[PDB]
Every structure is written in structure tokens, then in C-alpha cells.
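Chains as they are written, first to last, in the entry's author numbering: chain A, 1 to 264; chain B, 1 to 264; chain C, 1 to 264; chain D, 1 to 264. The beta-carbon is built from N, C-alpha and C at its ideal position, and this holds for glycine as well.
4 protein chains.
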Amino acid sequence: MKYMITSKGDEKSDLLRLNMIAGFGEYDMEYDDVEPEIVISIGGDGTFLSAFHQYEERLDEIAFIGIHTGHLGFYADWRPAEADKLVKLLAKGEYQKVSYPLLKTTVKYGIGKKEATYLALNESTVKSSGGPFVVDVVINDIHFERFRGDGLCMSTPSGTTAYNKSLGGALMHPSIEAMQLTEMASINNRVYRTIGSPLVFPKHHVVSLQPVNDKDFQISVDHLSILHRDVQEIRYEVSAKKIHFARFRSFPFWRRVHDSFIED
Amino acid sequence: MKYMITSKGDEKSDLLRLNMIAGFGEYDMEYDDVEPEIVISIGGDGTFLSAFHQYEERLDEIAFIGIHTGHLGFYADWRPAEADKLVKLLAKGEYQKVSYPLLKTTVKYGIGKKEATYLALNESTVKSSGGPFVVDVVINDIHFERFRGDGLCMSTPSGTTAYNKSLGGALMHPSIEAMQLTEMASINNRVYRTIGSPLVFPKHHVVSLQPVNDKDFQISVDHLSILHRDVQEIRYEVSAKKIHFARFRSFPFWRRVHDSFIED
Amino acid sequence: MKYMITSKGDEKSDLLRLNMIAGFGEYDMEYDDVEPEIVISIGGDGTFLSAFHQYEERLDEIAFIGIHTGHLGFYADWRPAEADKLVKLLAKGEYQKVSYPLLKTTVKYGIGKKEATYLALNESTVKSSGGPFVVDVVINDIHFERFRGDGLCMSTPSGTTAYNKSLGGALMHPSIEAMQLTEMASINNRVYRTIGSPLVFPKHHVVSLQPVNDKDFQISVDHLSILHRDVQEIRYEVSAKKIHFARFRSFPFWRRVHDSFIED
Amino acid sequence: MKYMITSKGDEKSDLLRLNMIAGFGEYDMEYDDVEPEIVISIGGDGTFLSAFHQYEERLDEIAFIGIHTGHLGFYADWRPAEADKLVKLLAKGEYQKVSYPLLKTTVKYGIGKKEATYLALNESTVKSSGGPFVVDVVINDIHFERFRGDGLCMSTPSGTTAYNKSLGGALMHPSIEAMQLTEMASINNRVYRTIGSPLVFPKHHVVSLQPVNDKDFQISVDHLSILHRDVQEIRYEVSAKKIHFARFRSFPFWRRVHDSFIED
Ligand SMILES: Nc1ncnc2c1ncn2[C@@H]1O[C@H](CN2CC#Cc3nc4c(N)ncnc4n3[C@@H]3O[C@H](CNC(=O)CNC(=O)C2)[C@@H](O)[C@H]3O)[C@@H](O)[C@H]1O
Ligand SMILES: Nc1ncnc2c1ncn2[C@@H]1O[C@H](CN2CC#Cc3nc4c(N)ncnc4n3[C@@H]3O[C@H](CNC(=O)CNC(=O)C2)[C@@H](O)[C@H]3O)[C@@H](O)[C@H]1O
Ligand SMILES: Nc1ncnc2c1ncn2[C@@H]1O[C@H](CN2CC#Cc3nc4c(N)ncnc4n3[C@@H]3O[C@H](CNC(=O)CNC(=O)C2)[C@@H](O)[C@H]3O)[C@@H](O)[C@H]1O
Ligand SMILES: Nc1ncnc2c1ncn2[C@@H]1O[C@H](CN2CC#Cc3nc4c(N)ncnc4n3[C@@H]3O[C@H](CNC(=O)CNC(=O)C2)[C@@H](O)[C@H]3O)[C@@H](O)[C@H]1O
Numbered sequence: 001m002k003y004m005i006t007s008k009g010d011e012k013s014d015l016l017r018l019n020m021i022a023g024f025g026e027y028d029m030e031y032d033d034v035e036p037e038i039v040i041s042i043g044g045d046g047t048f049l050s051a052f053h054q055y056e057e058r059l060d061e062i063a064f065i066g067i068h069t070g071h072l073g074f075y076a077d078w079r080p081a082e083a084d085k086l087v088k089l090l091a092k093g094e095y096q097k098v099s100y101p102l103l104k105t106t107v108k109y110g111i112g113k114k115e116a117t118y119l120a121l122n123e124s125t126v127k128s129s130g131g132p133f134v135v136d137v138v139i140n141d142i143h144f145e146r147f148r149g150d151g152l153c154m155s156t157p158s159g160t161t162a163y164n165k166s167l168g169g170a171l172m173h174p175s176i177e178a179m180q181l182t183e184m185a186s187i188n189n190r191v192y193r194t195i196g197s198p199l200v201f202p203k204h205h206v207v208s209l210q211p212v213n214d215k216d217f218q219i220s221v222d223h224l225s226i227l228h229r230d231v232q233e234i235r236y237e238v239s240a241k242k243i244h245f246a247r248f249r250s251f252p253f254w255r256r257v258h259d260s261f262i263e264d
Numbered sequence: 001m002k003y004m005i006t007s008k009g010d011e012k013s014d015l016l017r018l019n020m021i022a023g024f025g026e027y028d029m030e031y032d033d034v035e036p037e038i039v040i041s042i043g044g045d046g047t048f049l050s051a052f053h054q055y056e057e058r059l060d061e062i063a064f065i066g067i068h069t070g071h072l073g074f075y076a077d078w079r080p081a082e083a084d085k086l087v088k089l090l091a092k093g094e095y096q097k098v099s100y101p102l103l104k105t106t107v108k109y110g111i112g113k114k115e116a117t118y119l120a121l122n123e124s125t126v127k128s129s130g131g132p133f134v135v136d137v138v139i140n141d142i143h144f145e146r147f148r149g150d151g152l153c154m155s156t157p158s159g160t161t162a163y164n165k166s167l168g169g170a171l172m173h174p175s176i177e178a179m180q181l182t183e184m185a186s187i188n189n190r191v192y193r194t195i196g197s198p199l200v201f202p203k204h205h206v207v208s209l210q211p212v213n214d215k216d217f218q219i220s221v222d223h224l225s226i227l228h229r230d231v232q233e234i235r236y237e238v239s240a241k242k243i244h245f246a247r248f249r250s251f252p253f254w255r256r257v258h259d260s261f262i263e264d
Numbered sequence: 001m002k003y004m005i006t007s008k009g010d011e012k013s014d015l016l017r018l019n020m021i022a023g024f025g026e027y028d029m030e031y032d033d034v035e036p037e038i039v040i041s042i043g044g045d046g047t048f049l050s051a052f053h054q055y056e057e058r059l060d061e062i063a064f065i066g067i068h069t070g071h072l073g074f075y076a077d078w079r080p081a082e083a084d085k086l087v088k089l090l091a092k093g094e095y096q097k098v099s100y101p102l103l104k105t106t107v108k109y110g111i112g113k114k115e116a117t118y119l120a121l122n123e124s125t126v127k128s129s130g131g132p133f134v135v136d137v138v139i140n141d142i143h144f145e146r147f148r149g150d151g152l153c154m155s156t157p158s159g160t161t162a163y164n165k166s167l168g169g170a171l172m173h174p175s176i177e178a179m180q181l182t183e184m185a186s187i188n189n190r191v192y193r194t195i196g197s198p199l200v201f202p203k204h205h206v207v208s209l210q211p212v213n214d215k216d217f218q219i220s221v222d223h224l225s226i227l228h229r230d231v232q233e234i235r236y237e238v239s240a241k242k243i244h245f246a247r248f249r250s251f252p253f254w255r256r257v258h259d260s261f262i263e264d
Numbered sequence: 001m002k003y004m005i006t007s008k009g010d011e012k013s014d015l016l017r018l019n020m021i022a023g024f025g026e027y028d029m030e031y032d033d034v035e036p037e038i039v040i041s042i043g044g045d046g047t048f049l050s051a052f053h054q055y056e057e058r059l060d061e062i063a064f065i066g067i068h069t070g071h072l073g074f075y076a077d078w079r080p081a082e083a084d085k086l087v088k089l090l091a092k093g094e095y096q097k098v099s100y101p102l103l104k105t106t107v108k109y110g111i112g113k114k115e116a117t118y119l120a121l122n123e124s125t126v127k128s129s130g131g132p133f134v135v136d137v138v139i140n141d142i143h144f145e146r147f148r149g150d151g152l153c154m155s156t157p158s159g160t161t162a163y164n165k166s167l168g169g170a171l172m173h174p175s176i177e178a179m180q181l182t183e184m185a186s187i188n189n190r191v192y193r194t195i196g197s198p199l200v201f202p203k204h205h206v207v208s209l210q211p212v213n214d215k216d217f218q219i220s221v222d223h224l225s226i227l228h229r230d231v232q233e234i235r236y237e238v239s240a241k242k243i244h245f246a247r248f249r250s251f252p253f254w255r256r257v258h259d260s261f262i263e264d
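Encoded structure:
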């Protein structure tokens with residue numbers, strides 16, 4: 001089929017990419033970076049996140065694969081030495097696909113009335129423009145809390161091992177269609193009160209963050225982060241869209257967690 | 001239908017129970033504490049947990065209701081003043097049912113070879129008999145970690161607001177069929193290593209705790225706690241069984257969380 | 001003596017300030033905001049922090065007092081209704097003084113070679129300019145760790161109830177001459193490793209933060225926060241200087257903690 | 001001088017002990033385990049804790065040394081290969097001494113009226129006899145909080161790297177004369193409230209734990225743990241007594257922390 005290979009850009013990953021392209025030339029495989037059906041990422045999890053956002057408009061037509069030239073990644077979970085066996089199985093096809101849930105983020109603005117939507121593979125976070133961060137947290141149209149602190153992080157399941165984990169969040173197996181909200185340095189005293197605990201939401205629950213004082217926020221989506229002005233609302237929901245991985249062996253999530261944090 | 005009412009045993013709850021029995025006498029409602037179809041608990045969440053374990057062999061034939069004579073409970077979420085409206089709607093029927101997932105705990109012994117199974121509505125925990133607690137944690141037959149510490153807690157979704165919450169766990173909406181494992185004071189240094197983070201498992205995942213040095217453990221299931229000796233394995237899995245609640249109004253889980261921890 | 005009164009600027013605090021000035025006019029008390037010996041702050045803890053940094057060059061010649069027109073503050077711990085009794089005792093004098101330790105922050109730059117020093121009453125923090133925050137942490141010239149995360153917070157004892165507390169830090173009685181370092185969302189996996197725990201340092205210990213990749217950081221000192229460029233080192237040490245409070249009654253730190261976080 | 005050597009009891013530590021005794025026989029050094037002035041512990045930190053409590057009645061007449069035959073310990077911080085150089089320097093004398101603060105625990109009983117005092121090198125903890133743990137926490141005769149949870153831990157400075165650390169406590173340099181209180185799984189909801197944060201107390205502050213419902217508690221002091229009945233009060237204070245170490249090289253606390261938790 002059609003395929004493309006993205007590279008971290010260092011000597012190691014570029015050469016592996018050129019050797020894989022040569023190996024694909026021995027099969028009915030066409031290099032196409034406009035409408036690929038297979039997207040191979042060579043580098044780390046950062047490289048894999050860039051590949052996902054490169055092709056986020058053709059998610060349902062693409063199976064992703066990650067190769068780690070550095071340490072083991074959670075998305076880039078193939079070794080460089082397995083590259084030749086990867087070509088053959090990819091060329092033959094008949095592989096299985098695995099799907100992970102994604103996070104939908106909607107940003108509504110003031111001035112007039114317009115929206116922007118983004119898809120996250122790891123998480124979306126909200127912080128302030130330097131000043132104090134105060135937002136009302138609304139869950140399914142019910143006011144839940146007034147958050148004062150540094151920010152908030154909404155993670156996908158496969159994102160729970162990333163930023164979510166550093167904030168105290170739970171690690172969730174990616175077969176659970178859910179999103180998880182964690183706090184960044186919340187203020188809790190006699191007059192200010194947050195839940196503290198991470199919150200895990202199922203499909204069709206909508207979490208809305210609404211400004212109190214300032215309308216300017218730093219909003220990140222995976223590695224992309226930008227200052228949004230005149231923001232009226234930020235809505236989080238489990239996406240109906242899913243990222244599809246090509247799978248060729250059993251590499252269970254909990255072993256990947258074991259290998260990344262316990263020992264390898 | 002057939003119904004029974006359990007009471008915390010204080011003057012307030014006993015009198016409310018006698019007044020509800022009188023109110024049921026005005027309808028085709030028969031008091032039966034052997035094969036009830038409706039189980040009303042009057043007291044707190046402790047009273048409701050005792051009612052659940054009272055009738056755990058007829059879970060699929062019972063709809064539970066909780067009335068809180070003290071503060072708001074997560075299971076006992078009806079006010080005493082609503083008792084009269086409760087009788088009528090219960091007597092008429094046509095109510096909806098809501099189902100929450102449960103936790104299955106299997107305890108395998110040595111000596112010969114035998115098993116015991118228990119059902120938890122909140123959580124099951126494992127601690128040592130005074131000595132150091134060391135257990136190997138195995139996830140789907142894969143050795144995940146060697147835990148050294150005070151103990152481990154496996155929570156249901158509706159249990160996440162209880163012991164799980166005090167241990168740093170995430171709060172999970174009860175519509176998610178999952179269980180959550182949290183650590184109690186894990187030892188982490190150069191030679192000893194745990195994941196630290198809470199872990200959230202889906203249906204059909206099996207978490208096994210296996211002894212290393214001692215075979216004696218204090219194992220709790222909700223409020224019940226007992227010293228198990230000659231223990232070879234403790235297995236945790238999302239139960240196929242569910243507790244059914246009678247519902248008459250919308251009282252969302254996240255508002256119940258709000259009312260219990262933020263403000264009311 | 002000479003005295004000045006700073007105000008939050010709202011109607012309540014301005015009027016209390018004018019009434020106290022009138023009350024001081026009945027005694028040998030001269031209003032002087034250039035070389036005061038008594039500095040009264042009327043507002044909240046934010047107002048008190050501004051007063052401290054207003055007069056940080058004459059710390060050893062000044063006794064500070066805080067009045068809270070809003071809720072109880074940790075520095076602004078007098079009620080407005082006590083204002084008249086405050087004037088008399090302040091005018092008579094013979095009061096006792098209480099001293100709290102402070103934090104010294106030294107910022108060394110590249111380009112050529114120059115330093116800047118700041119004094120913190122609550123804390124000093126370090127974050128990155130948007131990009132990833134990576135710094136080497138050196139304790140008394142010994143490399144202790146390579147920190148990857150959102151940032152670091154170095155707190156005084158009286159600062160431990162502020163930002164430090166939201167980051168998981170311990171609350172320290174202000175009679176202990178010490179500083180406390182806490183982490184903001186540290187990355188910990190197989191290859192990256194921080195201590196995790198807050199660290200409490202005594203007098204004469206020097207903690208140095210040294211850049212790895214980028215030399216630009218957002219450095220805050222109490223409420224003041226600014227982007228420092230070409231930074232070569234940030235050094236933290238318990239200051240030899242102390243802030244002096246005028247005290248007229250016993251209001252113990254742990255009761256102030258109780259009143260602010262438990263109940264009042 | 002007079003000296004004794006305690007051993008973990010395994011083949012490695014016993015043989016090292018016999019070789020050191022032989023080496024001391026070449027100097028004016030007398031083996032005496034009744035009134036030693038030098039106490040050498042060969043094993044791990046557990047072995048060193050037993051040696052401390054062995055000779056806790058002659059603390060001011062004893063300099064302790066630890067040798068680790070397993071991994072590095074915080075008290076047993078000499079390698080076995082350094083044993084011969086240890087003998088010579090110990091025999092010659094002229095060494096320096098380093099002193100660490102200790103924790104005093106007083107247990108007052110009912111029935112009649114009697115007290116017991118204990119000294120801790122790491123920590124003292126309080127847990128319940130199975131039932132719920134509820135205690136009133138009083139700081140310098142001021143009621144601070146009503147604690148509901150699994151238990152409480154009061155740590156010395158050198159104890160902060162042990163149990164305290166697993167409970168979220170700060171690591172404190174042992175030159176600070178202080179004690180640190182940490183919570184074990186506190187209950188916090190609308191009606192029950194604890195501070196949450198670790199608390200660090202200076203010398204002469206007295207923390208008192210007082211029973212509410214039950215008078216039976218499991219009280220530990222370092223590795224010793226026993227069920228106390230008819231308990232009326234448990235009082236914690238920084239001891240006036242100090243443990244003295246013989247020091248022959250610079251091995252800073254923060255490097256020892258680095259070596260034990262970061263890398264070695
Ligand atoms: N204070 C913070 N703490 C923890 N994580 C933080 C964080 N601030 C941001 N992030 C994460 O960085 C992601 C953006 N980076 C790409 C990635 C990735 C990635 N994904 C996963 C995953 N799913 N599971 C487990 N580890 C994962 N990692 C690893 O994360 C590490 C942290 N990153 C950096 O040091 C520098 N950042 C980049 O190069 C861009 C990397 O080594 C990476 O291998 C954000 O999306 C956020 O999650
Ligand atoms: N260290 C610890 N920290 C936190 N929770 C702990 C704990 N040790 C045990 N538990 C919990 O106690 C349950 C057993 N108790 C019945 C219940 C219940 C219950 N269920 C839920 C729920 N689903 N969500 C939210 N709050 C819930 N609560 C509330 O929990 C409080 C704590 N309990 C006690 O003080 C005394 N214990 C009992 O009377 C028996 C009560 O006020 C209660 O209203 C265990 O199952 C475990 O969860
Ligand atoms: N993510 C964060 N979490 C927690 N604290 C954070 C934080 N980011 C910054 N800070 C603190 O704010 C201080 C700067 N503010 C003045 C003050 C003060 C002050 N001092 C003490 C003290 N010693 N003990 C106990 N509470 C104290 N507080 C209270 O702190 C609250 C938080 N502040 C805000 O909401 C808005 N900020 C300001 O108006 C300026 C206030 O209600 C205040 O009454 C920084 O110095 C840092 O500490
Ligand atoms: N849930 C818990 N989490 C963390 N620590 C816990 C704990 N429950 C008890 N403890 C500690 O055990 C001490 C009693 N043990 C002797 C020691 C010691 C010692 N002292 C220090 C120190 N100062 N700094 C840093 N590490 C230190 N350690 C190390 O601690 C480890 C934990 N221990 C065990 O696994 C088995 N226990 C024993 O053999 C007896 C050991 O490897 C040891 O090398 C208690 O005093 C309490 O602190």
C-alpha cells in the first residue's frame with residue numbers, strides 16, 4: 001500500500017528510514033506522504049506525536065507504527081533491529097489493528113462567536129497568562145468547583161503515563177474509553193476548595209472550563225501550546241475518533257509500563 | 001412486592017423504619033427479610049454496606065435504596081423527609097434501576113488446595129500480620145512488580161470516593177466497568193521499586209498478589225477484615241455481578257461528589 | 001515613632017487607614033513613609049507582601065503589622081475591630097518583636113559576569129520560558145540530581161503554608177532557620193530521576209540550580225515574576241536577614257494554621 | 001578503649017566481625033559489650049537500629065559506627081573493604097563525633113496513672129487495634145485537629161528518609177533539631193478534616209495524641225511495635241538526648257541521600 005516514514009532527523013533515524021525505504025522497494029509498496037495508509041515514526045514518543053498530528057485528518061485510514069532509536073517509548077515500541085521483519089509483515093499485510101481513544105478539546109471565543117476543535121493523543125492542559133489561574137469547572141452543565149492554582153490537565157488513557165502521571169494521576173489501560181482530569185498545584189484553604197483527587201470521566205461526559213476573571217489562557221494540545229485570548233469556554237470530551245496502530249506481536253500495555261518505569 | 005428495611009439501630013433510624021413499615025401497610029407490599037425484592041437501608045454508608053453483604057446471594061433479584069439519617073452518604077443518598085414519597089413510588093413500582101460494578105476477590109490457600117470468593121462494593125485490601133508486607137504483583141500472568149510497604153487497596157468505581165481516595169486514587173464515574181489498585185506507603189529506594197501511581201484495570205484483567213516470605217495476611221472486604229493463613233494467592237477481577245439501585249430522581253454521581261467533598 | 005500605613009486600596013481598607021492615622025495623631029507618632037520604624041499593612045497577605053518588599057532595604061529598623069480586612073491572613077493576622085487597641089499599644093511602645101527567617105536568591109548571568117540578589121518572605125520559584133525545564137541541582141557543590149519537570153519552589157518557613165503547601169511540602173514552624181525545596185511535576189521514568197520528596201535545608205547550606213540546555217527562565221520572588229535571560233546559576237540560601245513583627249498578643253503559628261485550614 | 005561489635009548473623013557479617021576483633025587485638029582495645037565506648041554494627045540499617053536500642057541507656061558515652069555488608073545504609077554507611085582502616089583510626093582515636101537528634105515518646109496510661117518513655121532514632125508511629133483510628137491532635141495544649149485514618153508517624157530528621165518518606169514527608173538534614181508528623185490515609189470529607197500536609201516541629205514543642213473512642217493502639221518505636229491498652233495520651237517531643245557517631249571521612253547527608261535514591 002501507500003506508506004510514509006517520518007524521522008527524528010538525527011543520523012541514526014535518518015539512516016534507518018532510508019534502509020526501510022529501500023526494503024519497501026522490494027514489494028508492492030508505494031511511498032506517499034500525502035495519502036498514506038501506513039505511517040511509520042522513527043525516533044521517540046515526541047516524533048510519534050508529531051506524526052499523529054501530521055495526519056490527524058485521515059485517522060481512520062491510517063495505521064501507525066513507532067520505532068524507537070533511543071529508549072523504549074510508549075508509542076515508539078519497536079526496536080531498530082526489528083526493522084527488516086517490520087517491512088515484510090507490513091508489505092504482506094494481514095496484520096491486526098489496535099485502537100486507542102482520543103480527547104476532543106473545543107475552544108469557544110468571545111468577540112463574536114466561533115469555535116476551534118483539537119484532537120489530543122496524550123493530553124490537553126490549561127494554564128494562565130502569568131496572572132492567577134481561576135476557572136469554574138462544570139461537569140455536564142453542573143457547577144462542580146472553582147479551581148484556583150497553576151492549571152489543569154485532561155489526559156487520554158495512553159496519555160496517563162505522561163504528564164498525567166507526574167501530576168499524581170492514575171495509569172489507565174487504553175481499552176477504557178475515558179479521560180482523566182488532574183490538578184496542577186491547587187490552592188486549598190478555608191475559602192478556596194478543590195476536589196484534589198484526579199477525576200476519571202466516561203464517554204459522553206462533557207467537562208467545561210469557564211473563565212472567572214481573565215479570558216487569556218495558555219492552552220496546550222500534546223506538544224503544541226499557544227496563548228488563546230478572549231476565551232469563553234474550553235470543553236473536554238472523549239472523542240468519537242480513534243488512533244489505529246498496526247500490531248504484529250503481543251506487547252501488553254502493562255508490560256510496556258513495567259519496562260518503562262520498573263525495570264528493563 | 002416483598003421488601004425489608006435494615007436500620008442503623010439508633011432511635012432516629014428505628015423510628016423512621018417503623019413509620020415506613022406502617023406506610024407500606026397501606027399498599028400491596030409484604031415485609032419479607034428472607035426473599036425481598038426491595039432492600040431499604042436507613043443509616044449511613046456503613047449501614048448500606050451491611051445490607052449489601054446481607055443479601056449478596058440475591059443481588060440480581062434486589063433493588064437497593066439508601067436513606068441517610070446522618071449526613072449525606074454515597075449510597076444512602078435519600079433524606080429522611082423524603083420517606084413518604086419513597087413509599088408511594090416504591091409501592092407503585094415502574095421505577096428505573098441503576099447498576100454499579102463490583103469487585104471479585106478470590107483467595108487461594110495452601111495446605112491442600114481450596115478457594116474462597118468474596119464480593120466488594122467499596123474495596124478489598126491486603127495488609128500483613130504485623131511483619132513486613134512483601135508481595136509479587138502479577139497482571140494477566142505477567143510479573144509487574146514486587147511491592148514492599150504497608151498494603152494494597154483494590155477499589156470498585158463507587159468505592160473510589162472511600163479508602164481509595166485517601167490513598168491518592170482517582171475518582172471514577174461508576175458507569176466505567178473497572179477496578180483501581182492503590183498503594184499504602186510503598187518503599188522506594190535504589191533496590192526496591194514500585195510503580196507508585198494508582199492503576200486502573202478494565203474488565204477481564206486479572207491482578208494476582210502472590211506471597212514472597214510470609215503466607216499470613218490481613219484481608220479486608222468492605223467493612224469485614226480477617227487474618228488469612230497459608231495464603232498462596234489473592235486474585236482481583238471486575239465481577240460479572242452488579243448491584244442494582246432503585247432510582248426515582250436524578251442525583252448525578254458528580255453532584256454527589258460535589259455535595260460530599262466541595263460544599264452542600 | 002515614625003510609621004506608615006499601606007492599604008489594599010478598596011473602600012474598606014482606605015477608611016480603616018484614615019481612621020488609624022487620625023488615632024495616631026493623638027500621640028507622639030509621626031507619619032513617615034520614607035524612614036518608618038512601624039509599617040502597618042491593611043488588606044490581605046498580598047498587601048503585606050508588597051509592604052515587605054517596599055521596605056526591604058530597612059528590614060532591621062522596621063517592625064511590621066498586618067491587619068486583614070478580608071479573611072484571616074498568615075501575615076495580616078489582626079482584625080479590623082482591634083485597630084484602636086493597636087494604635088495605643090503601638091504608640092506607647094514597650095512591645096515585643098518576633099523575627100522570621102528569609103530566603104536569599106542570587107542570580108548570576110552570562111554575557112560578562114554579574115549578579116542580582118533578592119529577598120523572599122514566602123518563596124522563590126524557577127520555571128522555563130515555555131520550553132522544557134531541565135536544571136542540574138547542586139547542593140553544597142555536590143551534584144544531587146538532574147531535574148526535568150515544570151519547575152522548582154524554594155520556600156521560607158512562613159512561606160510553607162503558601163505555594164509550598166500546594167506542591168506537597170511540609171508546614172514548618174517559623175522558628176526553624178531553614179528553607180524547603182519542592183518539585184513541580186517532575187518527570188520520573190527509567191532514564192530520568194528526581195528525589196520526589198521535599199527537601200529541607202538548614203542555614204549555611206547552598207542550593208544551586210544550573211542550566212543544561214536553555215539559559216532563559218521565569219524566576220519569581222514572592223509576587224514578583226520576571227523572565228531572566230543568559231542565566232548561568234541560581235543560588236538559594238537562608239538569609240542572614242530577618243523580618244521583624246510587632247507582637248502584642250499570643251497568636252501561635254499552629255493556631256493560625258488551624259484557623260486557616262481546619263476551622264475558624 | 002572498650003568496644004563491642006554486633007552482627008546481622010549471616011556468614012558474611014559474622015566473619016567480618018571476627019576479623020575486626022582480631023585486628024583490635026593488635027591495639028590497646030578491650031572487647032566489652034557491657035560498658036563499651038565504641039559500638040560497631042555490621043549488617044544493614046536494621047542491625048544498626050538494634051544496636052542503638054541495645055545501648056540506649058549509655059548514649060552519651062558511646063560513639064556508633066555502621067558497616068553495610070549489603071547495600072548502602074543511612075546509618076551503616078561504611079563498606080566492608082574499609083574495615084581494616086576502621087580499626088586503626090578507631091584504635092588511635094582522635095576522631096571526631098557527629099550527633100543526630102532523637103525523638104522522645106511518652107505513653108500515659110489510665111487504670112491508675114503511670115508513664116512509659118521511649119527513644120526513637122527513626123520514628124514512632126500510632127495505629128489502631130483493627131477498629132477505626134480516631135485521635136485528637138493537640139499541639140502545645142491547643143487542639144489542632146481530630147484525625148481519622150490509618151495512623152500517624154512522628155519522625156526524627158535522620159528518620160525522614162525511612163517511613164516518613166513513604167508517607168509523603170520532607171527529607172530533613174539531621175543538623176536541624178526537629179521532628180516531623182505525617183498522616184497515614186486520613187479521611188477528609190465534608191464532616192472530617194485533617195491538615196493533610198506533613199508538620200515539622202522544633203525543639204520544646206509538644207505534640208499530644210489523645211483518644212476519642214478506643215484506648216487501645218498499636219504503638220511502634222523504630223522496629224519495636226506493641227499493643228498498648230488503657231492509653232490516655234501519647235506525647236512527642238524532640239529529645240534532649242542525642243546519638244553520637246564516630247566520623248572518619250566526609251560522607252555528607254545529601255550525598256548519602258543521592259546515593260540511596262538517585263544513583264550510585
Ligand atoms: N512536567 C511534565 N511531566 C511529565 N510529562 C510532561 C511534562 N510536561 C510535558 N510532558 C509531556 O511531554 C509531552 C510532549 N513531549 C513529547 C512526548 C512524550 C511522551 N508521551 C508519553 C506517553 N504517552 N507515556 C509516557 N511517556 C511519554 N512521553 C515522554 O514524556 C517525556 C517528557 N517530555 C519531555 O521531557 C520533553 N517534551 C517533549 O519532548 C515533547 C519524554 O521523555 C517522552 O518520551 C506532552 O504531551 C506531555 O505528556
Ligand atoms: N483510612 C481510611 N480512609 C478512608 N476510608 C477508609 C479508611 N479505612 C476504611 N475506610 C472506608 O471505610 C469503609 C468501611 N466503613 C463503612 C463505609 C463507608 C463509606 N463508603 C463510602 C463511599 N463509597 N464513598 C465515600 N465515602 C464512603 N464511606 C465513608 O467512609 C468513612 C470512613 N469510615 C470510617 O471512618 C469508619 N468505618 C466504618 O464505619 C465502616 C465513613 O464516614 C463513611 O461514611 C471501608 O469500605 C473503606 O472504604
Ligand atoms: N499555585 C499556587 N498555589 C498556592 N499558592 C500559590 C500558587 N501560586 C502562587 N501562590 C502564592 O501566592 C503568593 C502571591 N500572592 C500573595 C500571597 C499570599 C499568601 N501568603 C501566604 C502564606 N505565607 N501562607 C498562607 N497563605 C498565604 N497566601 C495566600 O495565598 C493565596 C494564593 N494566591 C492567589 O490566589 C493569588 N496571588 C496573589 O494574590 C499574590 C492567597 O489567597 C493568599 O492569601 C505567592 O508568594 C505564593 O506563595
Ligand atoms: N511502609 C514502610 N515504608 C517505608 N519504611 C518503612 C515502612 N514500614 C517500616 N519502615 C521502616 O522500617 C524501619 C524498621 N526496619 C529497620 C530499618 C531501616 C531503615 N532506616 C532508614 C533510614 N533512616 N533512612 C532510610 N532507609 C532506612 N531504612 C530502610 O528501610 C527499609 C524498610 N524496611 C523494611 O523493608 C523491613 N523493616 C526492617 O527490616 C526493620 C529497609 O530496607 C531499611 O534499609 C522502621 O523504623 C521504618 O522507618
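- Nearest Cα to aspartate 28/C within the set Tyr118/C, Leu90/C, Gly130/C and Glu61/C: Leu90/C.
- For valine 107/B, the closest of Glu263/B, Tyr95/B, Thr125/B and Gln96/B by C-alpha to C-alpha distance is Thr125/B.
- The three-state secondary structure of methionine 20/D, taken from DSSP, is helix.
- The way I'd put it, the region 134-142 of chain C does touch the region 203-222 of chain C; three or more beta-carbon pairs between them come closer than 8 Å.
- For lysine 165/C, the chain D residues whose Cβ falls inside 7 Å of its Cβ are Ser197, in order along the chain.
- Its Cα nearest to that of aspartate 33/B, the residue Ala51/B stands out among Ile262/B, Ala51/B, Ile226/B and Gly66/B.
- DSSP, reduced to helix, strand and coil, places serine 239/C within a strand of the structure shown.
- Inter-segment contact for the region 234-243 of chain B and the region 251-263 of chain B is absent: fewer than three beta-carbon pairs are separated by less than 8 Å.
- At a Cβ-Cβ threshold of 8 Å, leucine 102/D and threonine 69/D do not count as neighbours.
- Distances from the CA of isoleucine 65/A to each of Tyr109/A, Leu49/A and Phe245/A were compared; the closest alpha carbon is that of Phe245/A.
- When DSSP reads this structure, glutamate 26/B sits in no beta bridge, so it has no partner.
- Here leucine 199/B carries a strand assignment [DSSP, helix/strand/coil].
- Any heavy atom of ligand 1 counts here; residues with a Cβ closer than 6 Å to one of them, in chain order, are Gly44/A, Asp45/A, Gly46/A, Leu49/A, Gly73/A, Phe74/A, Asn122/A, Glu123/A, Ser158/A, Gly159/A, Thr161/A, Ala162/A, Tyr163/A, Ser166/A, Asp222/A, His223/A, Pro132/C, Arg148/C, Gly149/C, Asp150/C, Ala185/C and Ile187/C.
- If the five residues before and after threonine 105/B are omitted, its C-beta is found closer than 8 Å to the C-beta atoms of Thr117, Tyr118, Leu119, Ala120, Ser124, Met154, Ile219, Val221, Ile234, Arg235 and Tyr236, all from its own chain and listed in chain order.
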